[PDB]
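What follows is a short report on a single structure.
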Amino acid sequence: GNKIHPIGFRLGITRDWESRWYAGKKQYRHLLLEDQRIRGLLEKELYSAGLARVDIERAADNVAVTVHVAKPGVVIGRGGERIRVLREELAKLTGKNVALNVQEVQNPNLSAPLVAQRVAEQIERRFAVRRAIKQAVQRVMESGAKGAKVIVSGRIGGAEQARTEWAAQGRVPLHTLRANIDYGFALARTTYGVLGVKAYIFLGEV
Amino acid sequence: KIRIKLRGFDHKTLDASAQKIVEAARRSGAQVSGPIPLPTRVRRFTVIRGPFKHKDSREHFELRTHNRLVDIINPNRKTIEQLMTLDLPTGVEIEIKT
Amino acid sequence: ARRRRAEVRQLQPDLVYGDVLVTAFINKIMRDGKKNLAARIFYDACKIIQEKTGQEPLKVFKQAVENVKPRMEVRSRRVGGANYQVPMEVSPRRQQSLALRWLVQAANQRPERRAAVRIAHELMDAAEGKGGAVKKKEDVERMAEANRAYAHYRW
Amino acid sequence: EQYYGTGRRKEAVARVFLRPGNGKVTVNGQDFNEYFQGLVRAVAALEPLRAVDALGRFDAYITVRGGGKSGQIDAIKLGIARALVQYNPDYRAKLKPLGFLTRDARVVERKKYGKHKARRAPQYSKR
Amino acid sequence: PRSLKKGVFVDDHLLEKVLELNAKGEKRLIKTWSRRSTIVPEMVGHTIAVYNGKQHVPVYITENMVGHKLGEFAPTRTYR
Amino acid sequence: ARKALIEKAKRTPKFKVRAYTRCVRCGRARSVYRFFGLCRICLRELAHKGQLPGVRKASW
Amino acid sequence: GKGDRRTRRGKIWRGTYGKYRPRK
Amino acid sequence: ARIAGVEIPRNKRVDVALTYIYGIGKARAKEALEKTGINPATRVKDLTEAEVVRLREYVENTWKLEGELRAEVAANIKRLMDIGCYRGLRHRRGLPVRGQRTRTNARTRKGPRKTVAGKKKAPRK
RNA sequence: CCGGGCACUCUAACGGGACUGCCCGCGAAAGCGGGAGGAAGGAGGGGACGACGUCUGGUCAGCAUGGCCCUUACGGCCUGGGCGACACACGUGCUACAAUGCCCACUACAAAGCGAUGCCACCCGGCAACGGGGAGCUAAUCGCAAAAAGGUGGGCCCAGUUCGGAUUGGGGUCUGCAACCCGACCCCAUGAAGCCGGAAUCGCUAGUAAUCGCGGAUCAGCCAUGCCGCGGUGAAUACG
Ligand SMILES: [Zn+2]
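Structure representation (structure tokens):
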């Protein structure tokens, strides 16, 4: 049980925060619990949209929130009717009065969280783990990326003995503090139990 | 004599921010006292790495807060024009007391 | 020390005699890094060597060290079963370390209530060839040369 | 007219101002022998002077803040060493070989976790 | 070397319930979980039964034991 | 950390000394930091994600 | 020493003030 | 000079010396000397018959000392010991009274360790 | 302190600097030795950072989760007790056995932190904890804060002591609805063991060990002699 989170490790560089807003002492804890409330619903809802990140900027009673998706449609809605439901369901949580932008994911095949969830799902549907994994690494590796790697937890195939599956291609330097490796974790509830899924994608460097 | 005090988490989101405030008003008031730094206050959070035991795991987390000042003496309407409503950064938050 | 041959830390000379050997002795008196009290004691002592002795303290000191340096010492060693105490020379370096250490030790073994005195009197006694310091020194040589049979285990 | 040299040691800063004169020293006001009232080491600070037969030829006003009177004694020693160069830059030839123009970089070592004092590791019994 | 300050504390479960019995003289028993309370004169003569945390032990309150605190007369743990 | 034992939010301390922090995410009452409302664990989990604004990894 | 609660050090050690380590 | 109940502190500083009395500590020392206006540094032998009377009288009559005191203290303990007072039971049982741990460290109140047989393999380390 | 002045210290942001780059020596090369300059070197000093895997390692008691079990209850509320028990055994520590020391007074250098009912200036009542009053601070501009070891002067005079503070009696402060069980603090009295520790055993290679005090998190208060961190003074030794 070693190695740090590849993101948290690189936060100073090659990776910005998910919530970039000043605050302090009396507020910070309140102004943060909120962010989690926010993210809470978005992930509980926008699942089929393909969640990947939830930036949350601030300045004062005019929050940001910039959900990133693979299928920006599912988010918005018909003509923009859903972005009405949510955007409203939002203030029924934070009187704060906040926006709700939506950026599209340029190739969900380079989004560790996505590749992860991608695999997490297949596994839930009962696909061959090792296959799903190799495939995933291929997709990711086959559409850009200077390196990728996926890891599935254990009880592969519902086996009584928890195992751990691999798969990796090209440089994926977890040690190099400047790599720019996207990390993504996906759960996977199952008849037999939870099985975590980890996706690592390497892009450029400097 | 409008004393501005800028605080931010990013030492760039300020040098950028507080620097705008300098170039702007430098054409409608005095000449600004230049963005003077000011000591940073760091908050350390030393936490045990894993749950249950392992007293010597740890790993350190700090939340450093940075400050900037500036100071514009000789306030002249246009100063409060080039500044009043032309900011940009989001990871910043000001407090001014002329 | 598996790799290098750990070189000796070179000490800054005395703030009065500019003699390094003195600093060394002062460092052996020091405890808990209270190097001032340590320096004092040795100087107060040097002035006690001036009164009760018409000689220059610095020379009494060096004379002492000299008589307290063992030239032969016994070092244990496992040789076919038993641990025979092999007698052997003593490096110039080790001679000092031991001499100074022994002085301070025997000095703090004396009775006189005052630290600075025990050092003063110990040094003198050492110069004359008497005192707890020189005891150990002569005891060591005696130990060797009394085991000079196993000296063919030269080492 | 005047000469300068800073000087820092183990977290101490000493403003050293030499000035052709008697050879006295005003450390933070008090006399050299007054601030360092009874410290067998003090004598050190002025060593860079005796280095080139100064002292009884110069004079020194010194501001010292930070650390301990021991660290200050070394900062000041470096100050008097630097300043003594802005004056005559030719002093290096003899002032440096002594190492007075170096900035002892030995500082306290961070206190690492798991250990009692950065290194002093806790002890065990019947391990 | 005990100390409360200014305002000798006594829960008024038994207080206003002990003095009410002072009107008709005394009574025959009491029982409070307030071992937290100090003992005042009005308690003297009486017989309050304190709680072990399991039992209600009968404690005859005499003068010699006023200033104390009931619980000090109802042992908790069981040893030897 | 049983729903039942998260009556901490009940205010009603009857006396304000019965009040107690509790994790605002897992209920981990045991080592909850104030400045975050989070326990030593969650604080570490989130710091790794970047969801703790300007909370980088220390080192010196 | 550091342990005598009624001395200078005893007070300093226990980080307190009293008749033995007054405020000034 | 002999002062309180069989008290004879001599040849030392008067303060120090008064300390040798049951109810007198380094505190009452400087005071009894303070009030009675006597140098504390004077060697008990070098004292004056006049000072030894003001001391002998001021002290003996101002504080409850010696035997009479041990009588009180003993009397106290006996009391909280007669009444079901827990604190009193701690005296009977001979265990520490001021609520300390009695699983380890209570030797000052228990006496010498009274070792018994025990259970080995069960890392009692 | 005042005007004034950014030089200096510093504050924090950026830029420079080290690369065996230059000189001599050996080498095929990598590089080893030596020397100059330099604040600094041959990885300049300390962190973050832990490979494929191992131990059926640790945690379902942080959280998550398969399966099993309980549902007037293996759920829930409350008051009180318990987690603080002791004939004993061990681990990690604190304080100490003293004169390179202890006590009183006077006087001097630090860093990193924290502060809204919060830090608490200063003044008063109290031996004191602390209480009353009340300024500033929203905190490089006010407070915690006194650094301690240290320097100077005095006392102690080798004694279980002006060492050492356990234990116990009494008085009292403070937080808190509430301090019997079971808080910390103050003052008086008490003043224990301990005179340097058997077999055995632990740490640390330099600003390290050793020693001295300072801050923080948790937190009403606090059992902190713990933990994380700060600076002061500052060694011995390494043949092998
Ligand atoms: Zn939590």
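For the protein sequence lines, the chains are A, B, C, D, E, F, G and H, in the order given.
For the first sequence, the numbering used here begins at 1 and goes up steadily by one.
For the second sequence, the numbering used here begins at 1001 and goes up steadily by one.
For the third sequence, the numbering used here begins at 2001 and goes up steadily by one.
For the fourth sequence, the numbering used here begins at 3001 and goes up steadily by one.
For the fifth sequence, the numbering used here begins at 4001 and goes up steadily by one.
For the sixth sequence, the numbering used here begins at 5001 and goes up steadily by one.
For the seventh sequence, the numbering used here begins at 6001 and goes up steadily by one.
For the eighth sequence, the numbering used here begins at 7001 and goes up steadily by one.
Where a beta carbon is used, it is the ideal one built from N, C-alpha and C, also for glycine.
### Message
Taking the alpha-carbon of residue 152 of chain A as reference, which of A:139, A:3, A:118, A:30 has the nearest alpha-carbon?
### Response
Selected option, being the one with the closest Cα: A:118.
### Task
Pull up the CB-CB distance for residue 240 of chain A and residue 70 of chain A, whole angstroms please, since I reckon it's below 8 Å.
Because residue 240 of chain A is not part of the residues shown, which for chain A are 1 to 206, the question remains open.
### Message
Measuring CB atoms only, is the segment 1011-1026 of chain B touching the segment 163-183 of chain A, in the sense that at least three cross pairs come out at less than 8 Å?
### Response
Fewer than three Cβ pairs drawn from the segment 1011-1026 of chain B and the segment 163-183 of chain A lie within less than 8 Å of each other, which leaves the two stretches out of contact.
### Message
Here's a check: name, in chain order, each residue in its chain whose Cβ is nearer than 8 Å to the Cβ of residue 91 of chain A, leaving out the five neighbours to either side.
### Response
97, 98
### Task
Evaluate contact between the segment 2136-2151 of chain C and the segment 3068-3075 of chain D, counting only Cβ atoms and requiring at least three cross-stretch pairs below 8 Å.
no
### Query
At a cut-off of 7 Å, is residue 7077 of chain H close to ligand 1 when judged by its beta-carbon and the heavy atoms of the ligand?
no
### Query
So which residues put a beta carbon under 6 Å from any heavy atom of ligand 1, going in chain order?
F:5023, F:5025, F:5026, F:5028, F:5038, F:5039, F:5041, F:5042
### Query
Per the contact definition of three or more C-beta pairs closer than 8 Å, is the segment 1049-1063 of chain B in contact with the segment 29-38 of chain A?
no
### Task
Kindly list the residues whose CB is nearer than 6 Å to the CB of residue 199 of chain A, restricted to its own chain and excluding five residues on each side of it in sequence; keep chain order.
112, 115, 116, 150, 184
### Message
Taking the straight line between their C-alpha atoms, what separation do you get for residue 2118 of chain C and residue 2101 of chain C?
### Response
In a straight line, the C-alpha of residue 2118 of chain C is about 14 Å away from that of residue 2101 of chain C.
### Message
Which residue wins for smallest C-alpha separation from residue 3102 of chain D, given the options D:3109, D:3080, D:3028, D:3059?
### Response
With respect to the C-alpha of residue 3102 of chain D, the residue from D:3109, D:3080, D:3028, D:3059 having the closest C-alpha is D:3080.
### Query
Is there contact between the segment 2051-2069 of chain C and the segment 2005-2021 of chain C, where contact requires at least three CB pairs shorter than 8 Å?
yes
### Message
Assuming residue 58 of chain A and residue 1085 of chain B are in contact, meaning their beta carbons sit under 8 Å apart, how far apart are those beta carbons, in whole angstroms?
### Response
Between residue 1085 of chain B and residue 58 of chain A the Cβ distance is about 18 Å, and since that is not below 8 Å, they are no contact.
### Task
Please go through the segment 168-206 of chain A and give each complete beta strand (DSSP E) segment of 3 or more residues, from N-terminal end onward.
181-186, 197-202
### Query
How is residue 5039 of chain F classed by DSSP in three states: helix, strand or coil?
strand
### Task
Could you tell me the boundaries of the beta strand (DSSP E) in which residue 1061 of chain B lies?
1060-1062
#### Entry: Contacts of residue 4052 of chain E in chain H (Cβ-Cβ under 7 Å)
Simply none; closest approach about 12 Å.
#### Entry: Contact list for the segment 1055-1070 of chain B against chain D, Cβ threshold 7 Å
1056, 1058
### Task
Please name the residue or residues paired with residue 68 of chain A in a DSSP beta bridge.
Under DSSP, residue 68 of chain A shares a beta bridge with A:53, A:103.
#### Entry: Helix, strand or coil at residue 3116 of chain D [DSSP, three-state]
Coil.
### Query
How is the alpha helix (DSSP H) around residue 40 of chain A delimited, first residue to last?
It spans 28-45 - the alpha helix (DSSP H) in which residue 40 of chain A sits, taken as one unbroken run.
### Query
Can residue 971 of chain B and residue 1013 of chain B be called in contact, C-beta distance under 8 Å?
The displayed coordinates of chain B run from 1001 to 1098. Any statement about residue 971 of chain B would go beyond what the structure contains.
### Task
Give the residues of chain C in contact with residue 2982 of chain D, contact being defined as C-beta atoms less than 9 Å apart.
What is shown of chain D runs 3001 to 3127, which leaves residue 2982 of chain D out entirely.
### Query
Run through DSSP, which three-state label would residue 5033 of chain F get?
Looking at residue 5033 of chain F - three-state DSSP - the assignment turns out to be coil, as it is neither helix nor strand.
#### Entry: Contact residues within the segment 3058-3090 of chain D, judged by C-beta distance below 8 Å to chain C
none
### Query
Going by alpha carbons, who is nearest to residue 1081 of chain B out of B:1009, B:1029, B:1007, B:1050?
B:1029
### Query
Given a limit of 9 Å on CB to CB distance, which residues of the segment 3029-3056 of chain D reach chain C?
3038, 3039, 3040, 3041, 3042, 3043, 3044
### Spatially closest choice to residue 4014 of chain E from E:4006, E:4063, E:4069, by CA coordinates
E:4069
### Task
Could you work out which residues of chain A lie near residue 5047 of chain F, taking near to mean beta carbons separated by less than 7 Å?
8
### Query
Less than 8 Å separating the beta-carbons of residue 3064 of chain D and residue 3084 of chain D?
The criterion of a C-beta distance shorter than 8 Å is not satisfied by residue 3064 of chain D and residue 3084 of chain D.
### Task
Quick one: list the residues of chain A neighbouring residue 5024 of chain F, beta-carbon separation under 7 Å, in chain order.
33
### Task
Can you say whether residue 4022 of chain E is buried or exposed, counting buried as having 16 or more other CB atoms within 10 angstroms of its CB?
exposed
### Three-way DSSP call (helix, strand, coil) for residue 1070 of chain B in this model
Here residue 1070 of chain B sits in coil by DSSP.
### Query
So which residues of chain E does residue 7025 of chain H contact, with C-beta pairs closer than 7 Å?
Correct list: empty, because the minimum Cβ distance to chain E is about 16 Å.
#### Entry: residue 4059 of chain E: first and last residue of the uninterrupted beta strand (DSSP E) it sits in
4056-4060
#### Entry: Identity of the residue in C:2155, C:2125, C:2130 nearest residue 2089 of chain C by Cα
For the residues C:2155, C:2125, C:2130, the minimum Cα distance to residue 2089 of chain C belongs to C:2155.
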